[PDB]
């Protein structure tokens, strides 16, 4: 049972870290999109 | 003579008004460009 408890905790951590990796990768993807948007905004001001 | 000059002066006003309209057309084209750029930004925001 001590190993079982230990295993459960390891498993929870394994999955928690996988989520953090996912979230950071997702954040990076959205930033690239936002950069295109802000760049486009600057072009808009030049049109003004 | 006065009548002739009256028409001359009238013509000068017509030229000014023509030029005002020309400026309006140019500003509008610049505004259409600006809006088109904004539209692309909106499309990117939808993409985001």
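Because the Cβ atoms are built from the backbone with ideal geometry, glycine has one as well, and the counts that use them run over all protein chains shown. A short reminder: the numbers here are calculations on the coordinates, not readings from a lab.
A few notes on this one:
- Alpha carbon centroid spacing (whole Å) that separates chain B from chain A: 48
- 222 nm mean residue ellipticity, helices alone, for the protein assembly as shown (DSSP H n ≥ 4; -39,500 (n - 2.57); rounded to 500): -35500 deg cm²/dmol
- Additional length obtainable on full extension of the chain from residue B:10 to residue B:27, 0.36 nm per residue less Cα span: 3.5 nm
- Relative protection proxy for B:25-31, B:35-41, from highest mean packing down: B:35-41, B:25-31 (other beta-carbon atoms within 10 angstrom).
- Along its principal axes, chain B has C-alpha extents of 71, 8, 5 angstrom, given from the largest down.
- Degrees, to the nearest 10: B:2-47 long Cα axis against longest axis of chain B: 0
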